[PDB]
Amino acid sequence: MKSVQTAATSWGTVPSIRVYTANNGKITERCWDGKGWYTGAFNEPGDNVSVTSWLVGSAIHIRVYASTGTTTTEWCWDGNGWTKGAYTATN
Ligand SMILES: OC[C@@]1(O)OC[C@@H](O)[C@@H](O)[C@@H]1O
Ligand SMILES: OC[C@@]1(O)OC[C@@H](O)[C@@H](O)[C@@H]1O
């Protein structure tokens with residue numbers, strides 16, 4: 001709880017960058033697409049965050065893993081807004 005905790009992903013050649021910050025129990029998103037940093041649409045509960053992303057042709061897919069206690073919730077971006085993913089784990 002001494003400092004915020006971040007996770008970062010990027011794609012393409014511009015590039016696009018997404019940086020997720022866990023702070024005081026919530027995870028927010030800052031975005032770069034070549035022109036300046038702006039606040040993204042992702043905001044969900046969590047004390048810890050990790051991220052991965054992959055391209056399928058021209059489509060970006062992002063997975064954000066948000067954890068509180070022993071429960072990790074996966075959030076998915078597949079072109080049409082964030083949706084909850086199927087990830088589970090018994091921690
Ligand atoms: O505005 C850019 C945006 O749509 O890019 C994809 C995701 O990173 C979203 O949370 C974000 O708002
Ligand atoms: O399209 C969503 C989904 O199927 O993508 C692959 C994995 O991230 C799954 O947990 C997730 O539900």
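We're numbering straight along the sequence, starting at 1. We use all heavy atoms of the structure for the numbers below, so side chains are in, but hydrogens, waters and symmetry mates are not.
Atom-to-atom distance recorded for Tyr87:OH and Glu74:CD is 8.5 Å, nearest 0.5 angstrom. Rounding to the nearest 0.5 Å gives a distance of 9.0 Å between CZ of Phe42 and OG1 of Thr28. If you take CG on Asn43 and CH2 on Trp75, they are separated by 10.5 Å, rounding to the nearest 0.5 Å.
Scored by the side chain to side chain contact (heavy atoms under 4.5 Å, CB included) test, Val4 finds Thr21, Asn23 as partners (sequence neighbours excluded). Taking the side chain to side chain donor-acceptor pair (under 3.5 Å) definition, one finds that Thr39 meets it with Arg30, sequence neighbours left out. Applying the salt bridge (charged side-chain N to carboxylate O under 4.0 Å, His left out) rule to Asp47 yields no partners; only residues at least two apart in sequence or on another chain are considered. Applying the side chain to side chain contact (heavy atoms under 4.5 Å, CB included) criterion to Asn91, with sequence neighbours excluded, gives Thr70, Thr72, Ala89. A search for side chain to side chain donor-acceptor pair (under 3.5 Å) contacts involving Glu44 returns nothing, not counting sequence neighbours.
Across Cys76 and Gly85, no two heavy atoms sit closer than the pair SG-CA, 3.5 Å. Considering all non-hydrogen atoms of both residues, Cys31 and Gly40 come closest at SG-CA, 3.5 Å.
Evaluation of the salt bridge (charged side-chain N to carboxylate O under 4.0 Å, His left out) test over residues 13-25, restricted to residues two or more places apart or in two chains, returns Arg18-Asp33. Residue pairs meeting the side-chain hydrogen bond (donor to acceptor under 3.5 Å, both in side chains) criterion with at least one partner in residues 76-86, sequence neighbours excluded, are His61-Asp78, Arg63-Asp78.
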For residues 49-59, which side-chain donor-acceptor pairs fall under 3.5 Å, sequence neighbours excluded?
| residue | atom | partner | partner atom | Å |
| --- | --- | --- | --- | --- |
| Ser53 | OG | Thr9 | OG1 | 2.7 |

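Residue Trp37 is found in a hydrophobic cluster whose other members, listed by chain and number, are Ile17, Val19, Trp32; membership requires side-chain heavy atoms under 4.5 Å apart, directly or through intermediates.
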